[PDB]
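Data block below; observations after.
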Protein chains: 4
Amino acid sequence: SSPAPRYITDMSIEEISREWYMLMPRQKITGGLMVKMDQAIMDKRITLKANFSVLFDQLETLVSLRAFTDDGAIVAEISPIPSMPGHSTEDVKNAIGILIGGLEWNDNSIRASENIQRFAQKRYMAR
Amino acid sequence: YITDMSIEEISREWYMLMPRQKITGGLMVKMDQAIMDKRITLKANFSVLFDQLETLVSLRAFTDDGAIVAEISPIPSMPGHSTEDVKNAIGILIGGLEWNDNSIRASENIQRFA
Amino acid sequence: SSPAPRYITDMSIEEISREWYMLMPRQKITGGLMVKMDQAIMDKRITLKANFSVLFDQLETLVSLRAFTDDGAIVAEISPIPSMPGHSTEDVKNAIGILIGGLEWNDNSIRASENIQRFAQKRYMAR
Amino acid sequence: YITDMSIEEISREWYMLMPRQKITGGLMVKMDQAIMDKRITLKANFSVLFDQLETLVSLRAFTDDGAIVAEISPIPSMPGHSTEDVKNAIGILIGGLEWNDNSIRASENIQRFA
């Protein structure tokens, strides 16, 4: 196999480029990565999808991991902080851990894409 | 009759994480106390008698991405209300929302008729 | 009567000087006045007390108005913003209005001292 | 046996405006999701077996003014737990609280034995 960076995608160029929004914006920095999530989302199934480069079967550089509800809306993202030095593997694992932990606080159920697996009361209806 | 909102928008079910309500005259004001630091846009559907809001059917408060975070509407089983109730309810909602550092803008129709 | 400033008090020097705290801090500025309140307080009776100067039966300058729960804890305050020009009567009336409105959002019941009258689900028990 | 908390502190009833819970092993983690931007101090009462936390009775999270905003404690009807459950519950609580921009400090006893 080649030891050089190879680009892996879960997301199309629309999905990774999409402007998305948080009803209740929260964020956490870990190393060179920024984690953002919408604290309003609850009781949903959430799918993690990522675009990233690998070296030999292992994620090296994350471009973006985004969290999707079944309707295809984006509710969270892990992305590099531009002013920081490139992130470590520890940063990625930590970032995914806190994203999952954050989302499960609200009884969301998380699943990760195959690429990720391989290479890396609460509300009241008005009336 | 003025319609800032589509049928889908006024009919949409919506939820509050921290539900709070105030009643004024025949109007109920519901707002999600959990919402903070958002630009909020007020849109309303209501009748106009000559040149002033007469009967309010619904005023809903929207984030830039279209999430509903509050509503003023008649109490279903006791809907009778006045233009005064409406003015009061709006002041109440705007004050509630601004306490959580949200910024409010009203539709052109609301500014004009209310 | 004298037309010159006269000092009226609802609060002792301990009460007006007390450092106090907000579990959920909120604030609103109106003119030359700052209004702070603890958004966590609910379903309580709240008493407004103020120290201020009057000219002839009318409040002129507010030093501090503080909101007290029956146990004597402070849960809100209206006070002058030091960097601003002295506030107007309109500011005081507006500040009291938003304090009361803010507190009643949480089903608190407000009463005001005699001096003020004269001169001026929601939570779940763990388990 | 270590006691960061007094009898009053551990026995105090407390409430959440936005209640959230996670269970890990025999431990329940409850936290008020509405609390933000606070310095939070963790205090715990627990047994020590030689030189490590053995059994957790209660860990509670306090604001500077002594308000309780979260708790780790055994599920009353199924309290059996391990030192591992405790380490997990603490990571969970700290993460939950930090998501809302709270800053965490742990008692000297917690740092030492946990």
Side-chain angles (χ1 to χ4, degrees), chain B residues 95-96 98-101, chain C residues 1-120 123, chain D residues 8 12 15 37-39 62-68:
Chain B
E98 292 185 340
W99 261 116
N100 291 136
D101 295 342
Chain C
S1 299
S2 178
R6 186 173 144 255
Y7 203 66
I8 307 289
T9 61
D10 280 334
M11 288 182 283
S12 73
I13 186 167
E14 185 286 321
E15 294 168 309
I16 193 175
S17 292
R18 199 146 95 208
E19 292 182 9
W20 64 283
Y21 313 82
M22 289 166 285
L23 181 54
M24 290 162 66
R26 302 289 182 272
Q27 69 173 46
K28 258 195 210 181
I29 293 172
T30 185
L33 297 177
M34 172 67 76
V35 191
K36 292 178 178 185
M37 66 160 280
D38 186 350
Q39 185 89 284
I41 307 298
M42 65 184 48
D43 308 300
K44 302 290 203 206
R45 179 173 79 191
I46 305 295
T47 303
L48 309 183
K49 297 189 180 186
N51 293 2
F52 54 95
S53 55
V54 301
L55 305 177
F56 279 133
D57 284 342
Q58 181 74 43
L59 184 154
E60 146 70 22
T61 284
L62 180 64
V63 178
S64 171
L65 178 156
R66 291 168 163 213
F68 292 80
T69 45
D70 284 351
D71 67 350
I74 298 161
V75 300
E77 182 174 23
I78 300 168
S79 61
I81 302 162
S83 61
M84 293 276 76
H87 44 93
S88 65
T89 292
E90 180 183 43
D91 295 342
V92 180
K93 306 224 176 304
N94 282 343
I96 291 175
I98 71 171
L99 176 55
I100 290 179
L103 293 167
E104 292 181 339
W105 267 111
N106 299 131
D107 295 321
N108 300 293
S109 60
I110 321 301
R111 67 179 180 177
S113 74
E114 299 300 338
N115 282 148
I116 290 171
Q117 295 182 41
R118 176 169 149 84
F119 296 112
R123 85 221 262 253
Chain D
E8 188 282 329
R12 200 144 92 214
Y15 306 76
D37 305 302
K38 289 296 194 170
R39 175 168 70 190
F62 292 87
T63 66
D64 285 357
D65 195 41
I68 300 167

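Residue numbers start from 1 in every chain, and the chains themselves are labelled A, B, ... in the order their sequence lines are given, proteins ahead of strands. When reading the values below, keep in mind they use all heavy atoms of this one structure, side chains included, and skip hydrogens, waters and symmetry mates.
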Looking at side-chain heavy atoms only, is the closest gap between [X] and [Y] below 4.5 Å?
{"X": "C/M37", "Y": "C/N106", "result": "yes"}
{"X": "C/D57", "Y": "C/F119", "result": "yes"}
{"X": "C/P25", "Y": "D/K38", "result": "yes"}
{"X": "C/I29", "Y": "C/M34", "result": "yes"}
{"X": "C/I46", "Y": "C/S109", "result": "no"}
{"X": "C/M24", "Y": "C/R26", "result": "yes"}

Item to complete: List the steps, then state whether side-chain contact (heavy atoms from CB on, under 4.5 Å) holds for C/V75 with C/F68.
Response: CA-CA 6 Å; C/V75 300; C/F68 292 80; over 6 Å; no

Worksheet entry | Sequence neighbours excluded - side-chain hydrogen bond (donor to acceptor under 3.5 Å, both in side chains) pairs with any residue from residues 69-87 of chain C | C/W20-C/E77, C/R45-C/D70, C/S64-C/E77, C/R66-C/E77, C/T69-C/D71

In Å and rounded to the nearest 0.5 Å, what is the [atom1] to [atom2] distance from [X] to [Y]?
{"X": "C/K36", "Y": "C/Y21", "atom1": "NZ", "atom2": "OH", "result": "13.0 Å"}
{"X": "C/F52", "Y": "C/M11", "atom1": "CZ", "atom2": "CE", "result": "9.5 Å"}
{"X": "C/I96", "Y": "C/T30", "atom1": "CD1", "atom2": "OG1", "result": "11.0 Å"}
{"X": "C/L59", "Y": "C/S53", "atom1": "CG", "atom2": "OG", "result": "7.0 Å"}
{"X": "C/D10", "Y": "C/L48", "atom1": "CG", "atom2": "CG", "result": "9.5 Å"}
{"X": "C/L103", "Y": "C/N108", "atom1": "CG", "atom2": "CG", "result": "5.5 Å"}

What are the two closest non-hydrogen atoms of [X] and [Y], and how far apart are they?
{"X": "C/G31", "Y": "C/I81", "result": "O-CD1, 4.1 Å"}
{"X": "C/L55", "Y": "C/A4", "result": "CD2-C, 3.7 Å"}
{"X": "C/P3", "Y": "C/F56", "result": "CB-CE1, 3.3 Å"}
{"X": "C/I98", "Y": "B/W99", "result": "O-NE1, 3.0 Å"}
{"X": "C/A76", "Y": "C/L99", "result": "CB-CD1, 3.5 Å"}

Fill in: Of all pairs that satisfy salt bridge (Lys or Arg N to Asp or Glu O under 4.0 Å), the ones with a partner from residues 87-106 of chain C, not counting sequence neighbours
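Matches after skipping sequence neighbours: none remain.
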
